[PDB]
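Colleague: So that we are looking at the same thing, I have put the structure below in structure tokens.
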Amino acid sequence: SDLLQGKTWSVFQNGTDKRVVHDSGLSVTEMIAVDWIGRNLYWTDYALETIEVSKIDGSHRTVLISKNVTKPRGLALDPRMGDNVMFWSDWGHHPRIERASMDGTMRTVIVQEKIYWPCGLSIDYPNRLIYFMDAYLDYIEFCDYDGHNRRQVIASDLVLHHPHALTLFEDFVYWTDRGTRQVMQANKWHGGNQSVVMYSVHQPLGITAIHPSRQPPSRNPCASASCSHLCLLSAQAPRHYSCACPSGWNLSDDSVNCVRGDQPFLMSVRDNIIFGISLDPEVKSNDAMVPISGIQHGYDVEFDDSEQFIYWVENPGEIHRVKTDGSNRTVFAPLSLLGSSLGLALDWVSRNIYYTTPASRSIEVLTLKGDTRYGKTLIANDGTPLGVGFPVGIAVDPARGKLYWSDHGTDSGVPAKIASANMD
Amino acid sequence: XXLXXX
Amino acid sequence: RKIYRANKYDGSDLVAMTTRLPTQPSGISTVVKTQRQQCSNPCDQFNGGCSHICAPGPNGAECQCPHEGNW
Amino acid sequence: XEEXX
Amino acid sequence: XXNXX
Amino acid sequence: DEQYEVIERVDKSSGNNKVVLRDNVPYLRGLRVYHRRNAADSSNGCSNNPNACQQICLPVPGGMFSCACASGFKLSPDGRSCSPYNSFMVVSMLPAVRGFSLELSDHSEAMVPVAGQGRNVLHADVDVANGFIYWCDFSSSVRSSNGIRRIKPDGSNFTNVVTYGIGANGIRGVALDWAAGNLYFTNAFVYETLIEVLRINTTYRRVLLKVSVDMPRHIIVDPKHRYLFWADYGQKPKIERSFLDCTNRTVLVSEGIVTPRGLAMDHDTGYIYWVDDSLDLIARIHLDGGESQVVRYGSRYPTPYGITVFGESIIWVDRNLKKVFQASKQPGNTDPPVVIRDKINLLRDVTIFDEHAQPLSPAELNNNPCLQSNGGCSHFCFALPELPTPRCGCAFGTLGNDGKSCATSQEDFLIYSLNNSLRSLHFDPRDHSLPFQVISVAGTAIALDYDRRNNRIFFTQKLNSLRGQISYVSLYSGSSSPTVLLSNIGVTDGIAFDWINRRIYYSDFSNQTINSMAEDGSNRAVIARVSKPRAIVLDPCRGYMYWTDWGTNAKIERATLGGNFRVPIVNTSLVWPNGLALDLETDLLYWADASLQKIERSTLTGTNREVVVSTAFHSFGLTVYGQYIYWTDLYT
Amino acid sequence: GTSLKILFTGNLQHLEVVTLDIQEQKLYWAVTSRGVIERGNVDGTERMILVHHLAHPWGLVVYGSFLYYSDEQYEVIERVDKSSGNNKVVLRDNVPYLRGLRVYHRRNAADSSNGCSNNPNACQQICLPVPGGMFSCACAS
Amino acid sequence: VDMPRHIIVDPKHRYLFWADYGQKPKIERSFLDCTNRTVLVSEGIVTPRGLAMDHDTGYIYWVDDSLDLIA
Ligand SMILES: *[C@@H]1O[C@H](CO)[C@@H](O)[C@H](O[C@@H]2O[C@H](CO)[C@@H](O[C@@H]3O[C@H](CO[C@H]4O[C@H](CO)[C@@H](O)[C@H](O)[C@@H]4O)[C@@H](O)[C@H](O[C@H]4O[C@H](CO)[C@@H](O)[C@H](O)[C@@H]4O)[C@@H]3O)[C@H](O)[C@H]2NC(C)=O)[C@H]1NC(C)=O
Ligand SMILES: *[C@@H]1O[C@H](CO)[C@@H](O[C@@H]2O[C@H](CO)[C@@H](O[C@@H]3O[C@H](CO[C@H]4O[C@H](CO)[C@@H](O)[C@H](O)[C@@H]4O)[C@@H](O)[C@H](O[C@H]4O[C@H](CO)[C@@H](O)[C@H](O)[C@@H]4O)[C@@H]3O)[C@H](O)[C@H]2NC(C)=O)[C@H](O)[C@H]1NC(C)=O
Ligand SMILES: *[C@@H]1O[C@H](CO)[C@@H](O[C@@H]2O[C@H](CO)[C@@H](O[C@@H]3O[C@H](CO)[C@@H](O)[C@H](O)[C@@H]3O)[C@H](O)[C@H]2NC(C)=O)[C@H](O)[C@H]1NC(C)=O
Ligand SMILES: *[C@@H]1O[C@H](CO)[C@@H](O[C@@H]2O[C@H](CO)[C@@H](O)[C@H](O)[C@H]2NC(C)=O)[C@H](O)[C@H]1NC(C)=O
Ligand SMILES: *[C@@H]1O[C@H](CO)[C@@H](O[C@@H]2O[C@H](CO)[C@@H](O)[C@H](O)[C@H]2NC(C)=O)[C@H](O)[C@H]1NC(C)=O
Ligand SMILES: *[C@@H]1O[C@H](CO)[C@@H](O[C@@H]2O[C@H](CO)[C@@H](O)[C@H](O)[C@H]2NC(C)=O)[C@H](O)[C@H]1NC(C)=O
Ligand SMILES: *[C@@H]1O[C@H](CO)[C@@H](O[C@@H]2O[C@H](CO)[C@@H](O)[C@H](O)[C@H]2NC(C)=O)[C@H](O)[C@H]1NC(C)=O
Ligand SMILES: *[C@@H]1O[C@H](CO)[C@@H](O[C@@H]2O[C@H](CO)[C@@H](O)[C@H](O)[C@H]2NC(C)=O)[C@H](O)[C@H]1NC(C)=O
Ligand SMILES: *[C@@H]1O[C@H](CO)[C@@H](O)[C@H](O)[C@H]1NC(C)=O
Ligand SMILES: *[C@@H]1O[C@H](CO)[C@@H](O)[C@H](O)[C@H]1NC(C)=O
Ligand SMILES: *[C@@H]1O[C@H](CO)[C@@H](O)[C@H](O)[C@H]1NC(C)=O
Ligand SMILES: *[C@@H]1O[C@H](CO)[C@@H](O)[C@H](O)[C@H]1NC(C)=O
Ligand SMILES: [Ca+2]
Ligand SMILES: [Ca+2]
Ligand code: NI
């Protein structure tokens with residue numbers, strides 16, 4: 001995952017075929033864990049405070065864990081049908097290591113004593129031990145899947161300064177230290193045979209060991225599943241799988257199919273992200289749509305029901321679009337060369353969009369029907385009070401051909417007012 | 001170093 | 001800029017005795033009230049026979065010459 | 001020179 | 001400055 | 001609520017029944033509800049009539065619709081099609097160039113706005129016939145952001161028109177002669193100002209006038225009366241007129257004028273309109289220079305920066321008030337000025353893009369002789385006030401006896417190397433015609449000399465720190481690419497041609513030696529071994545040659561063209577003798593010390609040495625012709 | 001500092017200095033957002049527009065029969081009659097960066113005595129006049 | 001592991017109280033020499049930034065900007 005681009009990528013181990021997996025709706029992706037049996041992809045987002053799952057190609061994204069998830073960092077998986085379990089670390093108030101079956105049904109807390117800034121997780125698959133690390137108490141430890149038989153592999157040792165991420169292979173443990181800016185090697189049972197693997201100019205954040213032994217084969221319980229959209233491995237029942245569907249879909253009573261949720265939801269614009277939240281005040285999930293991350297200066301948002309597109313403006317004077325699923329994030333059209341736009345309003349009946357540019361002090365219209373974008377200025381700042389002083393907001397009534405906008409005043413010109421005009 | 005990766 | 005301690009045999013129980021001190025701490029000793037190991041000094045009897053300066057060597061008093069002059 | 005703003 | 005073409 | 005950090009839900013009929021959806025949310029902004037808005041339950045004229053309008057459909061009350069066109073297009077009378085604007089004002093400001101309809105009602109952008117990185121527009125002009133807008137960018141820091149650019153009103157075919165030889169102060173005014181296709185502009189330097197002409201879609205460019213005490217800034221042209229006007233706001237503010245070649249200079253306004261930074265022409269009444277931001281007035285004067293008439297005046301006109309005339313009204317911009325005004329052009333009118341657009345920052349100038357403003361029939365332009373095909377003239381045609389035959393201007397060379405063609409000058413003149421090119425310069429200080437078109441060469445040309453018999457210039461040519469070569473080019477009619485005479489040399493700083501023995505001498509700086517050859521590149525010879533030689537001169541009639549050594553033990557030394565009898569002519573008080581020349585008419589030797597900053601003369605053998613000029617800052621080459629010496633200065 | 005009161009409110013965006021005619025007991029102020037100078041009685045009545053079509057009034061003073069204003073745009077100091085704002089005159093123009101105005105003139109404290117002047121040395125630190133010829137003593141912060 | 005931030009002292013009942021708001025938010029109580037520590041509140045507290053006491057009633061008043069609470 002790229003933090004500056006807000007994208008998840010993949011490549012072959014020979015450096016060929018670099019291709020995008022998730023292009024949108026990531027803010028701070030801490031760790032990724034792929035499910036090599038169920039062909040799913042799990043990750044933790046620090047900013048969104050969620051644990052998310054997708055198909056391995058990125059297609060169907062849903063929010064898996066949201067209740068008491070403050071600062072999720074670590075993430076480990078055991079997709080073997082016997083276990084079918086997931087682990088993650090949270091370093092918010094009351095830090096803890098949490099255990100849950102994939103699909104997030106059988107949620108439990110396994111480690112909450114002598115923990116402060118937990119970071120990084122890895123599984124010893126042969127022994128079913130979860131190794132975890134700590135940046136404040138400066139230790140490396142491991143324990144059973146239930147948190148019992150907790151033991152220390154490095155503790156009360158000055159060589160840990162700020163470890164971040166962790167990896168196992170045979171009887172070695174490797175970890176990345178953000179303090180010393182190194183990746184280390186030690187014996188995974190007593191820490192005793194320590195060395196530097198390499199020195200990094202920048203902080204080394206992520207680590208993984210490429211080897212077939214790190215992904216043991218297992219009989220796939222979801223191979224015979226007929227679930228539409230997502231199918232997640234589960235530790236409960238003999239079936240050992242559960243059907244699920246992305247954000248904005250019902251679960252049907254027939255628990256293999258999903259139908260798109262046509263119910264409304266509130267799009268909450270925030271300075272650097274746009275959230276779709278349920279109109280029900282009791283539902284605090286913030287997953288009515290895939291969030292639009294990477295906004296520069298968010299003021300207003302606008303949508304098209306048809307094609308399920310979400311529109312917003314950006315600083316350089318352009319308008320962007322994305323699906324409610326995230327699938328088509330593109331820059332739609334150049335908006336104005338004379339500064340940034342503030343207001344948005346969409347004429348869904350005639351497929352036009354109206355926007356205000358306080359920099360140019362005008363109200364402009366742009367078409368989104370044809371292949372070629374056509375733009376025109378409707379009202380401009382003339383001498384008279386009837387013109388545009390400093391347009392803030394804009395509302396449209398396509399059925400009656402009326403346009404409404406809120407205007408600040410100008411010196412000796414236009415007064416601060418609520419104004420109406422024909423859409424031409 | 002503060003824990004927040006950002 | 002701290003003072004640490006650890007078990008003398010295996011380096012266990014490593015803790016920091018002080019917070020980060022303002023200047024770098026240099027030089028350390030114990031103050032112990034009980035008398036340390038004591039032995040009979042041969043320089044305590046007739047200066048070990050030496051003319052000037054002496055100290056108890058492994059076998060007996062070793063004579064020594066002052067820092068000034070060639071001796 | 002007059003206007004370099 | 002320094003004497004060259 | 002952005003301070004309460006909360007999203008809340010209340011009844012639409014009253015603020016009662018408050019419910020919190022979210023709290024502790026930082027940086028809350030807009031809200032909107034994604035729901036099933038149906039395109040069929042709500043219908044309008046545009047939905048009922050798809051693809052009725054060419055570009056934009058906009059619904060109106062009563063279920064009807066009105067077609068609209070993109071910026072720079074307007075509705076055809078059919079009400080369905082779009083055509084490019086024909087009549088609009090071009091308003092220029094520092095950040096952008098924008099176009100407004102000449103009818104206040106239409107607020108549409110009548111032109112694709114020229115803006116973006118690198119725009120510091122000072123002035124604008126229009127070419128209605130070809131559909132182009134010309135503007136000049138100015139940057140006091142970046143040399144790339146200085147010059148004249150043009151674009152179509154619809155935003156296509158962007159082009160850099162003038163980019164070379166712009167002064168420190170940049171282009172200060174541009175005026176297009178739509179009849180002749182000339183583009184007059186003013187090029188301003190630190191202490192002097194040029195007026196130049198460029199013929200559009202040609203490489204022809206020449207200087208008409210150079211002034212130090214005066215400073216033309218804003219220039220306008222009138223092909224109907226065949227005059228050119230410019231405004232001066234220097235130490236002697238004035239409004240000034242000439243013929244279209246800048247010859248017949250005369251001063252229309254000389255008193256009651258301080259800092260005029262705008263001119264305009266009426267083309268129907270023959271008045272000159274100007275704006276004066278230090279006396280806070282708009283005034284007009286006739287072509288013949290009668291008594292100035294005040295159009296607008298008082299405190300309410302603080303900074304009129306630019307003006308234009310359209311029909312019965314004048315249009316001007318105000319920097320302080322940030323408005324574009326329209327008012328009656330007749331003096332003594334007291335109607336308040338009508339505002340077109342306000343709160344526009346850094347207003348500079350205003351111009352009219354209209355067919356009426358740029359006529360092309362001979363009946364309108366009083367039979368301007370440049371219309372037919374450049375008057376039949378080879379380079380520039382300049383129509384005069386009363387002559388029915390155009391004066392022919394020459395960009396480079398001299399005008400032929402036929403009075404319309406141009407050929408290489410047969411006069412005597414200077415030649416000098418300027419980096420990757422060989423330039424020419426008449427001896428006459430006020431003659432601005434180049435004796436020949438500039439020759440482009442590879443690398444950098446360092447030193448040069450002319451062969452009179454074969455009409456060639458031999459010139460040294462630097463390729464890198466260690467690579468140098470000698471080439472030549474012919475000045476005969478037609479052209480010829482520069483031809484290498486001998487490659488595989490170090491850097492060469494000097495060259496001299498013997499017209500008696502037909503040999504070429506040069507100074508290899510890298511190899512620290514003086515060399516010789518035949519004029520055909522054969523028979524190479526070594527004349528002397530000298531540490532850091534720069535210049536060479538020859539006296540074949542007396543069989544003596546002189547050359548300059550700079551650095552340690554710097555001296556001026558003489559030897560035979562054979563190079564046997566080496567004697568030092570001068571060796572007292574020298575450091576950097578870069579320049580050396582010989583006055584054959586008076587038998588005197590001239591040298592330039594670039595470190596001691598002086599030019600000196602002596603007899604041959606260095607008797608009665610004296611300073612010709614002190615504080616010649618950092619000379620490289622020197623030459624003597626007639627009663628004058630000429631030198632190139634590396635510092636200025 | 002006592003007996004706070006609101007006299008005039010409404011169209012007063014981008015207010016400028018208030019000034020007072022003591023003789024006539026009228027307040028004058030400029031409103032930049034409307035480019036006008038307004039006048040009103042000290043009791044909060046008879047609000048009315050005196051001078052209009054200004055750009056950015058900044059300084060404002062009334063003396064004798066006249067009102068003086070500096071308009072920061074227009075770069076001008078102008079003088080006009082306090083009665084209905086006629087007979088406009090320019091004192092100075094092309095003044096960059098105009099700000100406040102005030103008229104230096106001799107004022108007789110004897111002809112405008114108040115509580116504090118009638119009772120010197122009454123208060124230890126600060127004496128403040130009060131309507132009706134009274135005075136209220138005050139102390140520093 | 002703990003982080004006292006805002007500390008108040010009570011000479012009448014002879015106690016120190018401090019807020020934590022750290023990884024394990026709490027309001028603590030101890031003797032005037034920090035001996036004999038006790039937790040008054042650990043539940044429903046995230047970011048206590050200020051303590052107060054009324055000497056005549058012996059109630060600890062605190063604010064919490066993460067719950068938007070004055071309790
Ligand atoms: C200098 O070089 C620049 C480099 O780009 C050139 O731009 C420029 O050359 C050309 O100047 C001519 C001047 O006439 C321009 O031609 C004119 O184009 C007009 C626009 O044409 C468009 O719109 C019309 C609308 O009906 C449409 O029919 C066309 O298909 C096209 O989409 C056109 O209206 C105009 O026509 C007049 O002149 C014609 C001459 O044959 C008549 O047939 C016609 O009846 C009418 O009277 C004309 O063709 C040309 O645009 C321009 N080049 C470009 C690329 O813009 C050079 N000239 C100078 C000195 O500036
Ligand atoms: C996928 O899953 C989601 C979540 O369960 C479903 O969303 C619900 O859909 C139903 C049916 O459209 C919604 O019910 C309607 O709500 C309207 C307004 O909301 C009221 O109820 C909500 C929730 O309790 C309150 O927050 C709010 O204050 C309102 O009280 C009502 O106006 C509708 O009433 C109309 O229809 C009913 C019959 O359903 C009549 O009795 C009424 O007279 C009236 O005509 C209606 O009650 C419900 O609100 C949705 N919930 C959410 C979370 O939005 C999706 O429907 C489901 N997908 C599919 C396709 O099934
Ligand atoms: C880098 O490694 C990748 C992965 O090994 C190479 O890409 C492709 O890898 C497949 C692996 O099976 C190669 O075999 C092909 O498989 C398909 C499976 O359907 C089969 O139909 C083909 O007949 C073939 O066996 C495949 O050839 C290879 N693609 C290419 C372009 O050769 C990739 O080649 C590696 N790149 C480098 C630089 O070596
Ligand atoms: C999420 O957090 C809440 C609050 O801590 C949990 O609710 C508490 O659960 C414990 C049982 O572990 C109860 O004894 C407490 O009374 C609960 N407190 C409150 C205020 O409700 C809740 O269990 C957590 N839920 C999940 C999904 O883990
Ligand atoms: C580090 O590697 C060394 C060998 O390089 C291991 O050394 C032996 O460890 C045992 C068990 O602790 C000791 O009793 C032996 O005395 C060691 N042998 C030798 C030859 O020194 C060691 O196990 C590794 N780990 C540690 C903790 O040192
Ligand atoms: C949205 O994105 C998808 C995926 O990139 C686009 O679908 C592709 O379109 C191209 C161009 O026609 C085809 O060559 C690909 O095969 C398509 N891929 C898939 C997965 O269908 C789609 O066109 C985009 N839609 C819009 C309107 O933005
Ligand atoms: C001066 O001459 C040189 C060639 O001798 C011209 O060529 C450029 O030289 C610079 C280095 O000085 C290179 O970075 C460019 O790539 C060269 N190519 C061009 C065409 O730019 C150079 O343009 C000349 N400069 C002036 C101002 O005359
Ligand atoms: C500078 O030039 C003078 C000649 O003008 C040199 O003086 C001669 O030097 C030679 C050296 O062999 C003597 O034999 C001559 O008798 C000198 N003549 C005179 C008139 O002095 C002088 O050597 C040169 N060098 C410098 C730096 O003075
Ligand atoms: C002018 O623009 C058109 C359209 O982009 C292009 O086809 C044409 O080549 C351009 N002409 C020149 C001279 O650049
Ligand atoms: C312009 O110069 C001519 C000579 O070409 C001269 O006769 C005439 O007087 C000049 N014009 C004016 C108005 O003086
Ligand atoms: C310099 O002189 C040498 C002889 O010393 C000669 O062979 C060579 O060609 C000359 N040129 C260069 C640049 O080496
Ligand atoms: C004080 O400390 C003792 C010893 O730890 C403990 O038994 C007692 O309960 C504490 N509290 C009081 C009020 O004594
Ligand atoms: Ca640490
Ligand atoms: Ca002025
Ligand atoms: Ni102000």
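Identifiers in the structure tokens: chain A, B, ... in order shown; residue index from 1 per chain; ligand index from 1 in order shown.
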Can you pull out every residue with an atom within 8 Å of ligand 7? Use only C-alpha atoms and all ligand atoms and format it as a PyMOL selection string.
Modeller: chain F and resi 418-421+442-444+462-463
Colleague: Since we have the selection now, will you write its residues out, keeping N, CA, C and O atoms, as a PDB file, in the first residue's frame?
Modeller:
ATOM      1  N   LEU F 418      28.500  36.477 -31.618  1.00  0.00           N
ATOM      2  CA  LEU F 418      27.626  36.484 -30.433  1.00  0.00           C
ATOM      3  C   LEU F 418      27.184  35.047 -30.185  1.00  0.00           C
ATOM      4  O   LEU F 418      26.229  34.569 -30.813  1.00  0.00           O
ATOM      5  N   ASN F 419      27.933  34.361 -29.324  1.00  0.00           N
ATOM      6  CA  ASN F 419      27.686  32.947 -28.948  1.00  0.00           C
ATOM      7  C   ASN F 419      27.574  32.064 -30.208  1.00  0.00           C
ATOM      8  O   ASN F 419      28.579  31.947 -30.936  1.00  0.00           O
ATOM      9  N   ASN F 420      26.406  31.460 -30.483  1.00  0.00           N
ATOM     10  CA  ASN F 420      26.234  30.496 -31.599  1.00  0.00           C
ATOM     11  C   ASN F 420      25.879  31.195 -32.922  1.00  0.00           C
ATOM     12  O   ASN F 420      25.204  30.567 -33.773  1.00  0.00           O
ATOM     13  N   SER F 421      26.293  32.451 -33.137  1.00  0.00           N
ATOM     14  CA  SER F 421      25.917  33.156 -34.380  1.00  0.00           C
ATOM     15  C   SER F 421      26.915  34.265 -34.684  1.00  0.00           C
ATOM     16  O   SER F 421      27.612  34.739 -33.765  1.00  0.00           O
ATOM     17  N   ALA F 442      27.329  26.220 -35.425  1.00  0.00           N
ATOM     18  CA  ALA F 442      27.380  25.285 -34.285  1.00  0.00           C
ATOM     19  C   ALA F 442      28.415  25.784 -33.267  1.00  0.00           C
ATOM     20  O   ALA F 442      29.324  26.565 -33.618  1.00  0.00           O
ATOM     21  N   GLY F 443      28.282  25.321 -32.023  1.00  0.00           N
ATOM     22  CA  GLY F 443      29.169  25.722 -30.917  1.00  0.00           C
ATOM     23  C   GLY F 443      29.108  27.222 -30.675  1.00  0.00           C
ATOM     24  O   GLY F 443      28.020  27.834 -30.805  1.00  0.00           O
ATOM     25  N   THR F 444      30.240  27.819 -30.307  1.00  0.00           N
ATOM     26  CA  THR F 444      30.336  29.270 -30.025  1.00  0.00           C
ATOM     27  C   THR F 444      31.483  29.850 -30.846  1.00  0.00           C
ATOM     28  O   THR F 444      32.605  29.325 -30.768  1.00  0.00           O
ATOM     29  N   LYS F 462      34.357  27.302 -30.841  1.00  0.00           N
ATOM     30  CA  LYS F 462      34.573  26.461 -29.646  1.00  0.00           C
ATOM     31  C   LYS F 462      33.477  25.398 -29.579  1.00  0.00           C
ATOM     32  O   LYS F 462      32.303  25.711 -29.815  1.00  0.00           O
ATOM     33  N   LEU F 463      33.868  24.168 -29.255  1.00  0.00           N
ATOM     34  CA  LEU F 463      32.933  23.019 -29.173  1.00  0.00           C
ATOM     35  C   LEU F 463      32.773  22.564 -27.720  1.00  0.00           C
ATOM     36  O   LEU F 463      31.626  22.224 -27.356  1.00  0.00           O
TER      37      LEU F 463
END
Colleague: Excluding residue 17 (chain C) and its own-chain neighbours fewer than 5 positions away, which residues fall within 10 Å of it when counting only C-alpha atoms? Please give them as a ChimeraX atom specification.
Modeller: /C:2-5
Colleague: Could you please tell me, as a list in words, which residues of chain F have an atom within 10 Å of chain D when using only C-alpha atoms?
Modeller: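 Here they are: residues 94, 95, 120, 121, 122, 138, 139, 140, 141, 168, 169, 170, 172, 188, 189, 190, 346 and 348 of chain F.
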Colleague: Near chain A, meaning an atom within 6 Å, which residues of chain F appear when counting only C-alpha atoms? Write them as a list in words.
Modeller: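 Residues of chain F within 6 Å of chain A, counting only C-alpha atoms: residues 21, 27, 28, 29, 30, 31, 32, 33, 34, 35, 39, 42, 43, 44, 46, 47, 58, 59, 60, 61, 70, 71, 107, 108, 339, 340 and 341 of chain F.
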Colleague: With N, CA and C atoms retained, export the selected residues as a tab-separated table (two decimals), in the first residue's frame.
Modeller:
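The resulting file, again.tsv, is shown below:
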chain	number	residue	atom	x	y	z
F	21	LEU	N	-26.58	12.55	15.31
F	21	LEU	CA	-26.15	11.41	14.47
F	21	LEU	C	-24.70	11.06	14.79
F	27	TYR	N	-13.38	19.04	11.76
F	27	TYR	CA	-13.38	19.58	10.38
F	27	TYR	C	-14.64	19.16	9.60
F	28	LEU	N	-15.81	19.24	10.24
F	28	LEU	CA	-17.09	19.05	9.51
F	28	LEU	C	-17.25	20.14	8.44
F	29	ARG	N	-17.91	19.78	7.34
F	29	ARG	CA	-18.13	20.69	6.19
F	29	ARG	C	-19.55	20.45	5.68
F	30	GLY	N	-19.77	20.46	4.36
F	30	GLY	CA	-21.12	20.32	3.77
F	30	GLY	C	-21.81	19.00	4.10
F	31	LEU	N	-23.14	19.00	3.95
F	31	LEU	CA	-23.97	17.78	4.05
F	31	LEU	C	-24.83	17.65	2.79
F	32	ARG	N	-25.09	16.41	2.38
F	32	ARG	CA	-26.08	16.13	1.31
F	32	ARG	C	-26.56	14.69	1.44
F	33	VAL	N	-27.79	14.43	1.01
F	33	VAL	CA	-28.41	13.09	1.17
F	33	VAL	C	-28.44	12.38	-0.18
F	34	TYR	N	-27.76	11.24	-0.26
F	34	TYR	CA	-27.82	10.38	-1.47
F	34	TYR	C	-29.12	9.59	-1.43
F	35	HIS	N	-30.01	9.84	-2.40
F	35	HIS	CA	-31.34	9.18	-2.41
F	35	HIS	C	-31.76	8.96	-3.86
F	39	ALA	N	-35.56	10.79	-12.60
F	39	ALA	CA	-35.42	11.65	-13.79
F	39	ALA	C	-36.76	11.73	-14.54
F	42	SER	N	-39.82	14.16	-12.25
F	42	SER	CA	-39.52	15.58	-12.53
F	42	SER	C	-39.03	15.69	-13.98
F	43	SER	N	-39.73	16.48	-14.79
F	43	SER	CA	-39.40	16.67	-16.22
F	43	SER	C	-39.40	18.16	-16.55
F	44	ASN	N	-38.64	18.52	-17.58
F	44	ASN	CA	-38.56	19.93	-18.04
F	44	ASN	C	-38.41	19.91	-19.56
F	46	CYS	N	-35.79	20.49	-21.44
F	46	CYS	CA	-34.55	19.82	-21.92
F	46	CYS	C	-34.74	18.31	-21.97
F	47	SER	N	-35.45	17.73	-20.99
F	47	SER	CA	-35.70	16.27	-20.94
F	47	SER	C	-36.71	15.90	-22.03
F	58	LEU	N	-30.66	24.63	-21.31
F	58	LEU	CA	-30.95	25.16	-19.96
F	58	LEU	C	-32.46	25.36	-19.82
F	59	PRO	N	-33.12	24.67	-18.87
F	59	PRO	CA	-34.55	24.82	-18.72
F	59	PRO	C	-34.94	26.18	-18.13
F	60	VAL	N	-36.16	26.60	-18.43
F	60	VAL	CA	-36.72	27.90	-17.94
F	60	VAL	C	-38.13	27.65	-17.42
F	61	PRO	N	-38.65	28.53	-16.55
F	61	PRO	CA	-40.00	28.38	-16.04
F	61	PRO	C	-41.06	28.28	-17.14
F	70	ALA	N	-20.90	27.32	-25.27
F	70	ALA	CA	-19.71	27.36	-24.39
F	70	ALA	C	-19.11	28.76	-24.44
F	71	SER	N	-18.16	29.03	-23.54
F	71	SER	CA	-17.41	30.30	-23.51
F	71	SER	C	-16.70	30.50	-24.86
F	107	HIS	N	-23.69	38.04	-19.85
F	107	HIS	CA	-22.57	37.94	-18.87
F	107	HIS	C	-21.60	36.85	-19.31
F	108	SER	N	-21.87	36.16	-20.42
F	108	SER	CA	-21.05	35.01	-20.85
F	108	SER	C	-19.62	35.47	-21.10
F	339	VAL	N	-21.17	50.64	-15.23
F	339	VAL	CA	-20.19	49.59	-14.83
F	339	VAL	C	-20.48	48.33	-15.63
F	340	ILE	N	-19.43	47.75	-16.22
F	340	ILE	CA	-19.57	46.48	-16.98
F	340	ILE	C	-19.21	45.31	-16.07
F	341	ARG	N	-18.02	45.34	-15.47
F	341	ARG	CA	-17.59	44.26	-14.55
F	341	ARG	C	-16.79	44.92	-13.43
Colleague: Show me which residues are within 12 Å of ligand 12 counting only C-alpha atoms and all ligand atoms, and format the list as a PyMOL selection string.
Modeller: chain H and resi 13-15+29-31+33-38
Colleague: Could you give me, as an MDAnalysis selection string, each residue of chain H that DSSP assigns to strand (DSSP E or B) when run on this structure's backbone?
Modeller: chainID H and resid 7:10 15:19 27:31 38:41 48:54 59:64 69:70
Colleague: Using only C-alpha atoms, find the residues of chain F whose closest atom to chain H is at most 12 Å away, then write them as number ranges by chain.
Modeller: F: 4-6, 23-26
Colleague: Can you work out which residues are within 6 Å of ligand 11, considering only C-alpha atoms and all ligand atoms, and then hand them over as a PyMOL selection string?
Modeller: chain F and resi 489-490+511
Colleague: Could you give me, as a PyMOL selection string, every polymer residue with an atom at most 12 Å away from an atom of ligand 9, counting only C-alpha atoms and all ligand atoms?
Modeller: chain F and resi 131-132+150-160+201
Colleague: Please report the interatomic distance between CA of residue 32 (chain H) and CA of residue 9 (chain H) in Å with one decimal.
Modeller: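 Answer for the CA of residue 32 (chain H) to CA of residue 9 (chain H) separation: 7.7 Å.
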